[PDB]
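J.: Chains as they are written, first to last, in the entry's author numbering: chain B, 30 to 62; chain D, 30 to 61; chain A, 14 to 139; chain C, 15 to 142. In this text, a Cβ means the ideal position worked out from N, Cα and C, and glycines have one as well. Take this structure, written in C-alpha cells, and hold onto it; I'll ask about it next.
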Amino acid sequence: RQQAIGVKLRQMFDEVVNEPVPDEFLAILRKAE
Amino acid sequence: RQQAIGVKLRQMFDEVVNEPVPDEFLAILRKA
Amino acid sequence: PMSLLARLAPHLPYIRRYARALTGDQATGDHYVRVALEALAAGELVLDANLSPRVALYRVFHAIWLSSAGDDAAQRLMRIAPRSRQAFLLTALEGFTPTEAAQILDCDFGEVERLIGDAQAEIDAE
Amino acid sequence: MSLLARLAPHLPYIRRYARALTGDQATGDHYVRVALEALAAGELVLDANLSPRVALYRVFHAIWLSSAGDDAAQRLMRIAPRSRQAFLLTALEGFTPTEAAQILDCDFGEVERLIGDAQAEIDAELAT
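Put into C-alpha cells, the structure is as follows:
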C-alpha cells in the first residue's frame, strides 16, 4: 500500500542513477537523424 | 492418468536445451 | 522541436536503474537498454505520441523484452505451487529420481514425496 | 577435470530448470551465474558423493534458496518477472498504475493483480 520499499530501493540503486551515461547510449541516439 | 503434463512440460521448456550457452557462463568457470 | 537524444537523455540514468533492478546486474541491464535505444534509432519502434517521453521510453523497453508462452506457464506454476514446484520440476521435467532430488533439495526422502504430492495436488486442482 | 570441464555439458540443462523455476530465461540465467560464481570462488563446492549434474543442481538450489535471502536488490529476483516489472515500475520508478498499464501494454486490473502478486511474494518469503 504505502511505499517505503520504493524509498529503500532508490537508496541502494542511487549509484547507477549518478554515474555518467555510457557514451554508446548517446552515440546511438545521435544516429537517429 | 492424464500425463500430457510432462508433455506440455517438455513442450513449454525443452527449447532452452538446444540453445547455446552464454559465454559469460564459461567465462565464470574458466577462471577456476 | 527537440531531438530524440534531448528528449530521452535525461531519463537514461533512470531506465538503467530500472533495467538493473529488473535483471539483477548492471551489465545485463545496460544490454537491454542498449537494445531499446538501437531499435529507436533504427526506427523499428517509435515513442508513443500519447505518452510523455519518459513513459514512452519504458513502453519501448517492454516492447523489446517480450514475455513468451513458456514464461507464462512458468509464472502460473510459481503461483499455483509456490513452495513445492521445485521437487516436481526436478523429477517431471529434469528427470532426477526422488532420491536424487532429495540430495538436490537437501531434505529427507519423505520431505521430497510430500513436496511432489503438494505440487501434483495444486496442479490437478487447476 | 576442471570445473569448466565437469560442468560444461550440463549447463543447457540447468538453464532449462532455472527458467522453468524462476519464470524466464533472464531470471534463470541470473541464478545460474550466481551459482557458477559461488563455485569459481570456492565459496561452495560440488559434493563428491554426487554426479556432476546432481551436485550442480544442489548448489543452484542452495543459492536460489538463500536469495530470499540476502540483499533487497537480489531478493527481487524471487518475484515472478511480470510481477516484478509491475512492482518496480510503480514502487521504484514512480509511475502510476495507469502509466504502468501503458508501459506493460495490458489492462489495469492485470496491473493491480501483478503488483498484488509481487506484494504477496514479498510478504511470504522476501520481506517476511
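Determine contact between the segment 69-88 of chain A and the segment 104-115 of chain A, defined as no fewer than three beta-carbon pairs at a distance below 8 Å.
T.: No, because fewer than three Cβ pairs between the segment 69-88 of chain A and the segment 104-115 of chain A fall closer than 8 Å, the two stretches do not touch.
J.: In angstroms, rounded to a whole number, what distance separates the CA positions of residue 33 (chain D) and residue 46 (chain B)?
T.: As a first step, residue 33 (chain D) must be located in the second sequence, where it is residue number 4. As a first step, residue 46 (chain B) must be located in the first sequence, where it is residue number 17. Using only the alpha carbons, I get a separation of about 48 Å.
J.: Using alpha carbons as the reference points, say which of C:109, C:123, C:108 and C:97 lies closest to residue 136 (chain C).
T.: Locating residue 136 (chain C) in the fourth sequence gives position 122, where the first residue counts as 1. Ranking the options by Cα distance to residue 136 (chain C), first place goes to C:97.
J.: Only counting the same chain, and skipping five residues up and downstream in sequence, which positions put a Cβ closer than 8 Å to that of residue 117 (chain A)?
T.: Numbered from its first residue, the third sequence carries residue 117 (chain A) at position 104. Result list for residue 117 (chain A): 103 and 109, in chain order.
J.: Taking 8 Å as the CB-CB limit, is residue 30 (chain C) close to chain D?
T.: For the purposes of this step, residue 30 (chain C) is taken as residue 16 along the fourth sequence, with counting starting at 1. Closer than 8 Å to some Cβ of chain D, the Cβ of residue 30 (chain C) qualifies, so yes.
J.: For residue 124 (chain C) and residue 69 (chain C), I'd like the C-alpha separation in whole angstroms.
T.: Within the fourth sequence, residue 124 (chain C) is the residue found at index 110, counting from 1. Within the fourth sequence, residue 69 (chain C) is the residue found at index 55, counting from 1. So the two alpha carbons sit approximately 39 Å from each other.
J.: Is residue 68 (chain C) close to chain D, meaning its C-beta is less than 8 Å from at least one C-beta of that chain?
T.: As a working note, residue 68 (chain C) is residue 54 in the fourth sequence. Not one chain D Cβ lies under 8 Å of residue 68 (chain C).
J.: Between residue 129 (chain C) and chain A, is any beta-carbon pair separated by less than 8 Å?
T.: Within the fourth sequence, residue 129 (chain C) is the residue found at index 115, counting from 1. No, no contact with chain A.
J.: For the segment 107-134 of chain A, list every residue whose C-beta sits within 8 Å of some C-beta in chain C, in sequence order.
T.: Answer set for the segment 107-134 of chain A: 107, 109, 113, 116, 117, 118 and 119.
J.: Which class does residue 141 (chain C) belong to by DSSP, given the choice of helix, strand or coil?
T.: Position 127 of the fourth sequence, counting from 1, holds the residue named residue 141 (chain C). Residue state, collapsed to three classes: coil.
J.: If you drop the 5 nearest sequence neighbours on each side, which residues of the same chain put their C-beta closer than 6 Å to that of residue 32 (chain C)?
T.: Taking the fourth sequence and counting its residues from 1, the one referred to as residue 32 (chain C) is at position 18. Excluding residues within five positions, the ones whose Cβ falls inside 6 Å are 42, 45 and 46.
J.: Can at least three beta-carbon pairs, one atom from the segment 52-60 of chain C and one from the segment 45-64 of chain A, be found at a separation below 8 Å?
T.: No contact exists between the segment 52-60 of chain C and the segment 45-64 of chain A.
J.: Please list the partners that residue 86 (chain C) has in chain B, where partner means a Cβ-to-Cβ separation under 7 Å.
T.: Position 72 of the fourth sequence, counted from the first residue, corresponds to residue 86 (chain C). Simply 37, 38 and 41.
J.: I want to see whether chain A comes within less than 8 Å of residue 83 (chain C), judged by CB atoms only; does it?
T.: Here residue 83 (chain C) is taken as the residue at index 69 of the fourth sequence, counted from 1. No, no contact with chain A.
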